[PDB]
Structures are given as structure tokens and as C-alpha cells.
Amino acid sequence: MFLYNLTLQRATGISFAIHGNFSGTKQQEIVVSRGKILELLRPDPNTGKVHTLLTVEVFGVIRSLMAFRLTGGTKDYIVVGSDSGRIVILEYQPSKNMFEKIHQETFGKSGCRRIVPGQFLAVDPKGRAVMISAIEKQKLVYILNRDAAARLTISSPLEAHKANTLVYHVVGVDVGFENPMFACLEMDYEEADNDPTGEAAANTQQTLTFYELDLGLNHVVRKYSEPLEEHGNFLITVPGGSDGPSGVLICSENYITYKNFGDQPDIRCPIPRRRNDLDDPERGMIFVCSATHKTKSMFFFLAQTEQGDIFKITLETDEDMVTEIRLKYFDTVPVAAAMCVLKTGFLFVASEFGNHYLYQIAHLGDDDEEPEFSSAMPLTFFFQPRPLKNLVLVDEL
Amino acid sequence: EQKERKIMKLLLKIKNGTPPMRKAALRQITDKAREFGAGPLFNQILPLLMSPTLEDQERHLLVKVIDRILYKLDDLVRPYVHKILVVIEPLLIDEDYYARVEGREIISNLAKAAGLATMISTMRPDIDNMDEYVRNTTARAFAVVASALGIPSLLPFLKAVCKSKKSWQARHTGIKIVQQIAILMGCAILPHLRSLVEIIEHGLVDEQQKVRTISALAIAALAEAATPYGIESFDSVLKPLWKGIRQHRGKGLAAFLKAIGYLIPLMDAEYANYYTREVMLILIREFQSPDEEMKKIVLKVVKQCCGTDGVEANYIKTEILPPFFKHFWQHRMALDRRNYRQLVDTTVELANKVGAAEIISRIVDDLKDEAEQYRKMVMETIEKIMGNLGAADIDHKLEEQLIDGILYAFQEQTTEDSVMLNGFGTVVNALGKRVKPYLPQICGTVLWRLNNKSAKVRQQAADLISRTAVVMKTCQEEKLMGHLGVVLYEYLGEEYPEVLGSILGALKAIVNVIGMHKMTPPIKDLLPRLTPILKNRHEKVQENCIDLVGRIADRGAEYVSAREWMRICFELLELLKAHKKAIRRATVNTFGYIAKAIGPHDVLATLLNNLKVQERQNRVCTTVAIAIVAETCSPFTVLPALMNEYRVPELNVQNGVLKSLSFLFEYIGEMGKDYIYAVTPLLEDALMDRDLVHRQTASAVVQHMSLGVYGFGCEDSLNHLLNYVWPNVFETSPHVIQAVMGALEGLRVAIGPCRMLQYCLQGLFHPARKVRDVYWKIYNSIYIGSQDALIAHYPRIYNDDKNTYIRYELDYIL
Amino acid sequence: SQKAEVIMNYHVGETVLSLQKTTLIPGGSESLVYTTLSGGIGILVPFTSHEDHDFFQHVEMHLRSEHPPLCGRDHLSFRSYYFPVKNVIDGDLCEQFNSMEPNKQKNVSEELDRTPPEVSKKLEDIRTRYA
Amino acid sequence: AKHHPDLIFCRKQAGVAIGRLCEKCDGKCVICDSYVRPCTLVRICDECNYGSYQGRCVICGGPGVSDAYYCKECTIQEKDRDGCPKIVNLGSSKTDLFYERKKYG
Amino acid sequence: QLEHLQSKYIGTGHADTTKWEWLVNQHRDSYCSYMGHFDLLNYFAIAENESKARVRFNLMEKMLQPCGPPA
RNA sequence: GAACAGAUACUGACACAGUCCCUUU
RNA sequence: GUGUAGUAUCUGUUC
Ligand SMILES: [Zn+2]
Ligand SMILES: [Zn+2]
Ligand SMILES: [Zn+2]
């Protein structure tokens, strides 16, 4: 009456995808996280047939996966936040062909809990600190200082626990060698339960606050408080310092907002709509994912909507100020939950359901014939979709 | 009136009589504190407390009852805060650790009960007092109250006081308060460094020397509090300190040097190197200072400077060694204790930094001094260096010189200290196999000192043998080991207890290192001499002999007859009375080994006949011995011999067998799944409401068994026990309540939270109160752990017309 | 009333929407194949002899504490997520034997008094028989 | 630990320091006070390890000569996933014993 | 006196806990569990012809005031 | 079953000689 | 042999 468990096929559903030089060389590789299986795969420009390299089962539920590199190194380190109460930092050895544990710190009970961190992972772009936040009331900050032995070390976690608060999305903000800054969609609900008149959900908006990380005094305290007028869902990182101005984007319903700390006023831009949609006119439109091709010449942001339309956001900004946000129509792809653009024109799209395709950029779409859109044009936007012209299908999974 | 008379009779009952009446009075005052009041109580307590005829016991009882009644009066101790503190402060001002710390939490609790305004109105008048003693104790009290209820509510007052110009007394009081806060909080004031930096910055330029000296010492205190980081906040303090360095001379100069030495290790390497280079001149000029306190300060500064990885090793080696070795090796300062404690620590740090070879070569030449204090000091320095760094940088000549110096120092010894023993052991262990040629000489000296002079250092020689047994084993010799063993054999008849314990420990080390079969004196002859030793009444000899007996039983259970086995068993039956926990643990272990060696019939019966002693201390030890016997033997060969014992009507035997079953289940682990059927009738009998002890023991048994069988799917047998475990929750005894809670927690991981959730759901909303409280406590206990695996087991509750209590997302159908 | 009883419990971590007990390869044995919404397909194989069962149980018990998961998740607690595992042996942990370090493989083979080739053959016999 | 209801743990976020145990607390579990199957290591918060508190026993505060571990029962019960087990209370029994020794010598 | 474990946690009940707060805490925990799991959200995505982002948005702005207004 | 006062037992692998972990104008 | 908490069982007087 005793059974034995066996497996025939492996899970193919893709939830996360992070690009980087995990082997330390100049060939980009893709790390894909399944429901409970961690897989590593790389493409080949000569042939285009993607071959799996590593596949190890984690025996757990993975909720986040990010990669980072030290300020000076050439290796990308994988940080995985799972349902457990600990954070693990991974490394890849091409010779051993196996993931090696490096550091391990525990900060609470295991399992998917409301106040246990592990959902949102925030990593500074330069790679000097990592922030892990929970759904409610719990936030943690780590400082990944390196020692003289050409290795990395982890310090004690910091305290940033705000009482009775909800978190929507956390992403790092480039500062340019000063104290790192983190931005999150802060929200309060204490007054919601204190109103027995049924007037809690209405006129209760969310805020956006910046968290500072002072390396001198080693503490985290709230600095800013910028209430919004819409209900955003997730943020977009923007390169700062030398290449472009530091800031974040605010994806919302039929609107995108650029925000910055200092003397930068808020700027809004309507979302373009397809010609004669076959949907409910009152239905809203949101964004699902984005991309960042941080080329040394210039940087452009990709986007995707519910219908599966790729845009191209270009930041037309001055040295200190910003003039307007220019949008563009790029192509149309099946709905995806996570996508990443690669070098040499390679584009990887991980569809939510069905098959996964790998497109190659043949035409850069530099000032296409179709008119563009910008925030400088007063008053909705319409555009006529066209078949796939900029991208050509070469391989499918 | 009556209340005052009540207080008087209560305090006479507390101070005089047996402890039980004191405990009864404490219980009465705790249960009735809600109506005693504060006015008359304190007006009767304080005059007696302040009297100088107060002893330690009466003071402790008074402060304990005061602490017990602090929480009983939340906001009824405010009018007499000044009268409380004027008496409390002299208690803490004494240089006693316990008294000062206890007064510390007393004042902390008093301030927590009070508020900022109350303490302000209480403690303004004494700010500008003139006496230094009351000023110091008031500053300490201010530090405690500022620690209480947070510093930020107190920082603006410190700023206001220190930003005045009336008199220097207020400024000194404020700076002293900041000093005490910094020295007591530690690293808890890191995010509030500026609140004190801007307070203390202005005081470094005043013409008065006292204020700037205290400001410099405060800066040093803040620097040592924020040792890792804080350079950015302290960057604007360097200039006044440097001007004081090149301006002042004396006590203020010492304070400024201490501050700069504490501040150096808080920054990078280049700046630290430059500042050390700048301060080299002052260090050289003050190396020849006459004052011993100045010597301590300069030694601390040198150690702090050398403790940073920013100065080149070669420059330090070529600069600081000659003058430091010329000046800091004397005897006049070595007479005072703290001076050469600090000197030893500084020399150890310097040796760790620059290296061991040069410093050891320079220092070993001083082993020829006649002074015994100098000899022990240099030996302590050498042993500390050897323990810290190692023995990987010593050549042949230094080895020979060190061995000769150690031998000469050992030739003449008079002080009764084990530091020589520790140093010799550490040095020999560090040497390893390089000490082979000098083994015969040192052993001859050891025996020569062993066999003369009333056998006073025989304990020291035995300690030497125990320490050097491992190195002598690694040196590949057996003849000298045999000589040492036989010598200890005839020298085993010493009457002295400490000497007997030491030689027994030496023999234990010998038998540990050398083979039991190859040991030159036969074991069959050692045991007859060893058995009468067990009857001595000294802790050291008993522990040593029991450990040796356990080792020889574990490793030498082949040449021993049953007669002396029974003899030593009977001896241990009464030896189990030993008060030390280690001796009892060793006795239980050796019972385990002897029961493994011999058939578990006679020893098991002997253990079972020792359950009638009417003493609680040894019954649990016998229970643990029985459990370890059953664990080391076959588990199913002891159960028939223990099940039949329960029918004895005496409660002590039943409690003992239940505890033995609990311990056996705990020790077995995952192999106890087969032995659950036999214990079910005993648990069925035990869970009946006969006595609290039986129920508690049964709950412990259930918890241990459930934890052991976790992960094997034995829910079928464990489910039946819950029906009888559950009704044991309605009791007022803390012990049984804790046992039941632990049993439920242990069963939760093994049966699943669904059963306990179903049990708790019925009584969760009972109209009564106590049942609701206990059900809510159980629900909280099950909710804290494994909260994720609860959404599926949650029931469905129908909603009203107003609110919605139905989760339609789980009703989706595909 | 006549309440039923549970004889097996397991947690795959993925939603299962199909169950069927048939034979995959011709001339095989009745196996319990299942599919999940994630996309993975697995089978359940009953044991034949008690010696194989105890050998596999010992191997799994040793590997649970000798080969911890990469993300530091308690494998026993993860499998016993909602209900304790009953009469089920995880095959993934046993199959992870091949990719282990040679030193640990030698140590576990010495502990089990078996050779690594024998362990690999014993592990692959089930896969060859039921696939 | 459990035998004294007047002792309260620090119960704060753990850091990177390692707890230490003295000679008489060698093989005792920190929480449940057991002697079987040490499995994991004990972590203590930063403020409990500073200055004079470096290298001290978690229970009695003696010199540190042995490490602090957790038994298998605590790991299974997941009671190790909590704050540092350092005892901040001074202990009434120790003070009473010290005062009694002082009075009778 | 040993009750500090149950005082430093969110959602812990007490003696005078009524039905509304318990039910709203249960709903919040259920929504958090829905968000955490991947296949439990894929089931919802397949059941109704929307995307993952829309379901996540609905869950995010459904956690504020569930089970109706308070009383 | 609320109390002002006495006596006898049981439970917590509870503890028992610590000399020092010390500290400014 | 001593001390540190808790619990249980038998008594003087009074509701
Ligand atoms: Zn702590
Ligand atoms: Zn200890
Ligand atoms: Zn334990």
C-alpha cells in the first residue's frame, strides 16, 4: 500500500526572466524561474536554437528573482526570494555546472505569510544594497559590502517597519554614488476601519514616499510624501547620473506620469488607443511589463498593454528639466507577463500562456512613417495597427 | 491609624521570622496593593530606608517590594517623586554593581510611570547645586530618566541647558548628563548623534579648563560608543582637539590624547596614517611621563592607533619598538596592578600587529629577572602571544632560549597560581612535536618536584601531566608514560582530597591517551584500589573518580567480574546524592554504559528498588538512569519489566514510571512508532482525573511521543488520545496548563491543525468569559504557527443582508 | 455514521485537474498518471518488495539531512504543507543522487554498504520498468 | 529558562553575532533546555553583543567557552525563528544567593 | 505574564474580539495567500478571460475594505 | 461558595561557596 | 544538608 513518486515531464510555465552575464563572460544568458524549478538557458546568434544549460529543482515556491553585480566586478549574482523565511544569494560556476550557496540570512517564519518578507525584492542598480519588503508592515534593508578577499559579505538587517501599511511595488532609484534611495507605493488604511459611515474606500488615494539609506548613521527613515490623484500599479526604473536624469515612471489607467525629487513638476500623458476598438469604451487600460535597453548612445523604454501592443517611450528631457514624453508604436505581440530585451537585437518574449517566441530586431524603427505621440499635443490618440514589420520570427519554444 | 499599623506589622513580618511568612506577606501585599495607598506607605518606608542602620537583606526586601508595587500604582506616585529620588540616588551612587543596576531599573520604571513634565518640575531645583557628589549622582539620575521614555523628548532640554551663559555649573551638569547617557546607552544613540554633537561642539573653545576637559572626554565617549561609523558627524570636531593638543599640557592634554586616540579608528587609512604621524611627536614626548594614569592613557592611545589597518607595518616596526621597549619595561609602574594589566594588553596587541618573532626575541631575554612579579608578568605576555598568533615563526635559537627560560622559571616557584600551569600547557601545545628532546628533562624536574616538600604541588604536577598527555602521545613514547602511570599508582593513597582529585584526573587523562590494554598497571588491580575512593566527600575527587570509572567501564568492560560490578552499582546508588549536576550526569551515563555491558536484569531491578526515598531530587535522576538504560538496551526488553510496576498503589512509583516512559520516548526518537500499542492502556488510565501530577506526566508523554513519531503518518493512534487530552484545559494550575499547551503544540505538527480548529470553533464564541479566554488562547497558539495551512480548513459562514462573508473565488468551476 | 478513512496524502505544489489510472507503455503495469495546470506530468508507482521499500526509505532519510534544498526550504515541511505525508516516497530527491559530489556519494555509499553503481542501477530499474 | 517565569528574552531582530556558552552550560538547549541532537546554530542581536557583553553565556553571563546550538525538537517546532534568546533580566535567585553569601560571609 | 509572543503579531485575537474583525482579517489573509501562489492565480486567470495583471490589480484594490463597510 | 489567621504534603533534569566582566576632574 | 517559585491536602473565628 506504499507508493512511489516519479516525474515524466517538466513544468514549462514561465513567471520570471532576468538577463545578465551570469558566467562572467560577454555572452548574455537568461535565467528563467518556473513554479518550483530554476532553469538557465542561453541563445546562440550563429544558429538561433536555444539550448538549456542548467535545470535544478528548488523544492519551493519562488516569489521573486533579481540579479546584480558589484561595483567593479564582472560577475552577476542571483538573489532569490522564496516562500521561506530566509534570503539566499546564488552563484554560477561554469566548470561545476551547479549553483553554489554563498550567504543565508533568516528573518522570519516560512511559508506565504502576509507580514513575512519575500514578495518584493528591490536592488540598487549599481549593486551596493538590496531591499526586501513584505505585503504589510515589514520592510528590510541589507548592505552587501565586499571584503579585501575579493568576496562579498552581508551585514545585519535594518529596521523600517511601518505600522499598518500596504505596499504595492518597490523599485530602486539611481542616485549616482550618494546614499541609495528607494521608492514604493505607500498606502494607509488606519482611517478605513475607523469610519462606520461607509465612506472609507472613496476619497482615499495612495502616496509615493522615498526611503533613504544613510551609510553613516546606518538607519532608514521616511523622507518624502507625495500623494497622487490616480491609482498606480507598478513603477518603472529610469537610468540617472550621467546618462539621463534619475526618476521613476507611474503607470496608471490610461495615463503615464514621470516623477522626480526636487524641482520637477508632475507631467501626464494619455495612452494611445487603437482605431475603433471592439471592447467596452468605459473599460480602462493598463500596462503589464516593460524593458530597458540601456545603450551607451541612448536609452529607450519598451511597454506592453492588455491588448498586446508594444510602444516605445523616449524621454525628451533637458539637462535638469524635462520638456515632454514622446511615445511611439512599435509592433504587436501576444500577452506576456515578463519580457527582456537582449544585445545584438535579440528580444525574448515570455508569453503568459501557450508558446514562447524569440524575436530578432532587424529594423530599429528610427523615426518610422507612422506619426508619433507626445504630451505637448492638447487633447485622445488613435493609431492603426500594422502587421509585423520591425520584428521577424526566427525561433519558437 | 489602621493602615499605618497594617504597614508596620507587615514590615515586621517581612523583616523578622521564617521565609514562609515573608513570602505570605509578599503575596498578601501584591494581592491587596490596590488599596494600601501611597502617602502613608512612603512616609513610613522612606525614613526607615534612609537610616544608616540598614543591612543588605532589609534593603533588598524593601527595594523588591517597592518594585513589585510600582506596577500596582500606575499614576499614584507622582507627588513624592523628589522624596523617592533623594533616597534612591544614594543607593545607586555606591560602587556596587547589583545595587547600582537595580536602582537603575527602579528609576527607569519610575520615569516610565511618570512623564517629561513631571520629571522636569521635580528635578529643576537641583540643577544648579554646588556640591560635586550630589551633582554627579543627579547627573546619573538624569541619564537614567533620559534613557527611559526615549531620548528625543529630552534632547531639546539638554540643548537649552548647554546653550546658556549663567554659570559653568549648569554646563558641566549637562555635559556630564550627556557623558553618562553616551557611556550607558552604547550603540543605541547612533541615529541621534548630532543632537549631542552640536551640544558639545560649543564647549571646546571655552577659556575654562574643566569644561573643555569634560567636553573632550564626552567626545571620546561618543567616539567609543559609535565605534564602527560616525566620521561624517565628527568631521567638524578635529580642529579644537588639535589646537588643544598643541596648546594644553597636563590632565587636559591626557584627555585630548584619549579623545583623539578614540577618534582615529573611525575613519579611512590615509587620514589615520597622517594623524598618527602628526601625533608621534606627542607620543614620544609623553612616553617619559611620571604619572601612572598618564602611562595608562598613552598605552591605550598606542593600542588604539596600532589597532587600525592604515599604518604600514615596517614604519611602525622601525619607529615605535626602540623607545617603547626602552621606556615601558620597568618595575616602579609594575608595582601598581592596573598599570601592568594595561601594559600586558598593549604588548599583546603590538605583538599581534607587527609580529611575534622580534617581540618574543626581545622579551624572552627578560626571563632571568629575580622579581617574581616580573617573571609572572612576562610569562603571561608570552603565553598570551603564543595563544593568539601561534608558533610558526620561531627558529632554533629562539626555541632553545624559550625552553631554557621556561625551565629556569619553573625551577623556583612560590606563588599559588595556576597561570604558570596554563602558560606551560599552552606553550607546549603550540610547540607540538618540537618539544621532543626536552621531554626527559622536564619530566625529571616534574617528578623531582612531585616527590618532595609535603606533596603540596602534587596537584600542579598532576595538572601538568593531564595537559601534556596529548603532546607526549604525539611524541611517540610509551616507557615514560608507563613510568608516570605506575608512579601515580603507588602515589594513589594520598589523604588530601584536592591532591587525590588531581592525581585521579591525571590518571584519567593517561587512560584517555594511552591504550587501556597496553596500560602498564593492570586494570584488574586498579579497580580494587579505585573502589574505596568513591566514598570521599569532596566535589573534585568525586567528579574525577566518577568520570574515570565511566570511561573504564565504557572502554574496559572485558576484564571485570560481576562482583565488583555489583559493588560499584551499590556504591553509585548512594553516591547519586551528589549535589553537582555534572557528577549526577556522569553517574547516569555510567549506569547506561554498565547496563549496556551487563544483562539489563539485575541493574534494572536495583534501579527499580530505589524509588522509595521520599526525596524529589534523586527520583528524577533514577528515572533518567532507567531511561538511558532502556535506550542503550533493547527497547522492547524493558517495557515488560516496567508495565507490571504500575499496579503499585503508591503515587511515587507511578509518577516515576510515567516520567521514565516520557524520557524513553524522547530519547528513542523515530523508532518509537512500534511501541505505541503497549502504552495506550497506561495513557488511558493516566488521563483520568485522579491527580494533577499524573495528568501532567501523561501530557508530557503524549507530547514527546507525538514529536518523536512526527512524519510517519501515525495519526490513527494519536487521534484517540486527543479526546482525553482536550478536557484537561479547565484548570487553574500553571504547571498543568503549560503541560497541556505544550502537548497541544506538539500534537499540532503531527496531526494537522484541522482537528484543533474544529475543537476550538465550537467554544470560541461561548457566552461565558473564562471558556472564551482559554479558547482564544488556544486559537492564538495554533494561529501563530503554520498560519499558511489554514485557508483551506476555514469553514463557510453565511452572511447577513448588509455584509458579505462568502468567498466566491473558490467556487469557480472549469 | 459510516465515516470513511484516508490512506494517502501528498502535496505536489501544483493544481491537478486530471486523474486517470492506465498503462502508458505496452506490456507494462497499471500506474496512476496525472497532469497539472502548470504543465508537468507525473506518475505514481507502487512498490513490489519490502527490501526495495526500506532501501529507498533509508536513502531518502539520509538525503533529507545530507542534501538540503538550494533555497533553504524544509523538504519534509514543504511536502507536509497542509496534511502530513503518508506512505509516499519522493522520487526527485532519490534521482538527485547522480548530480552529487563524488565525496558525498562515496560517503553515503559506505554508510549504506552499497556501491554507487549499484545504487544508480537500483534507482534506474524503477524508471526502466515504469516508462 | 522555562523553570524561571521571571526571565524575559530580548526578542529582537537577529544579526550576525554568534551566541556563546560557558562550561556548565555546554550541552544544554537554549530554549527548551535539552541534551539531545544539536542541529543548528544560535544567532543573537547586535546590541546584546557590544563592549563587555562580547563572549558571554546567554543564560548566566559567564565566560564563553562553548557554542550555542538548537535541538531537533526546536527546529521541528520552528521555535528557533524568533528573536535572540539572550536573557535581559538579572535574576532574583542569583541576587538572593549573593546577598545570603555576603551576610554569612 | 508570558504573553508577549501574542502581542507582537498582526491579526492576533483577544477576549473581546467580535466577528467583523476576525472575518476581515481572514479575508485579507486569504487574498495574500492567493497573491503568493502561482498556480492558484493561474486557475483564476484560466477561469475568466483576463490577464494576470488585471487579477492582481483587482486583488490589490480589493484588500482595502472587504466584507462590506464596518459597523 | 467570600474572608481575617494555622498545620501537612506534591511539582518545575530548578539553584548552592561566586573574587570578579572593572571604571575620574 | 540549605534556598526559589508554584500547587494540593487537613485546622481557630466569621458570613
Ligand atoms: Zn538581544
Ligand atoms: Zn552558562
Ligand atoms: Zn530545544
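Using Swiss-Prot numbers, chain A covers 1-379, 384-401, in order.
Method on record in the header is electron microscopy, 3.8 Å.
Note: Cβ is positioned from N, Cα and C throughout, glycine not excepted.
Sequence annotations record features per position, and here Swiss-Prot assigns phosphoserine to A:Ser156 based on a large-scale study or a structure entry. Among the features that Swiss-Prot reports, region 'Interaction with PHF5A, SF3B1 and SF3B5' is placed at A:105-119, A:145-168, with the record citing experimental evidence. Annotated region 'Interaction with SF3B1 and SF3B5' per Swiss-Prot: A:193-231, in sequence order. Look at Swiss-Prot and you will find A:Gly284, A:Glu306, A:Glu352 tagged as site 'Interaction with SF3B5', backed by experimental evidence.
The distance from the Cα of A:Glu306 (site 'Interaction with SF3B5') to the Cα of A:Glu352 (site 'Interaction with SF3B5') comes to 12 Å. The residue listed as 'phosphoserine' and A:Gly284 (site 'Interaction with SF3B5') are 44 Å apart (CA-CA, integer value).
Taking CA atoms as the reference points, A:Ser156 (phosphoserine) and A:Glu352 (site 'Interaction with SF3B5') are 38 Å apart.
Using a Cβ-Cβ cut-off of under 8 Å to chain D, the recorded positions A:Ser156, A:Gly284, A:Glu306, A:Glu352 reduce to A:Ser156. Around the Cβ of A:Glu352 (site 'Interaction with SF3B5'), the same chain contributes A:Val335, A:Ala336, A:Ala337, each under 8 angstroms and 6 or more positions distant in sequence.
For A:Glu306 (site 'Interaction with SF3B5'), other Cβ atoms within 10 Å of its Cβ number 17. Proximity to chain E (Cβ-Cβ distance under 8 Å) holds for the following recorded positions out of A:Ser156, A:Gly284, A:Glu306, A:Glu352: A:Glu306, A:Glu352. Break the region 'Interaction with PHF5A, SF3B1 and SF3B5' (A:145-168) down by DSSP state and the numbers are 0 helix, 6 strand, 18 coil.
Its Cβ taken as reference, A:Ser156 (phosphoserine) is surrounded by 17 other Cβ atoms within 10 Å in the chains shown.
In the shown protein chains, 13 other C-beta atoms lie within 10 A of the C-beta of A:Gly284 (site 'Interaction with SF3B5'). Residue counts for the region 'Interaction with PHF5A, SF3B1 and SF3B5' (A:105-119) under DSSP, split into helix (H, G, I), strand (E, B) and coil, are 0 helix, 2 strand, 13 coil.
Note on the region 'Interaction with SF3B1 and SF3B5' (A:193-231): DSSP counts are 0 helix, 11 strand, 28 coil.
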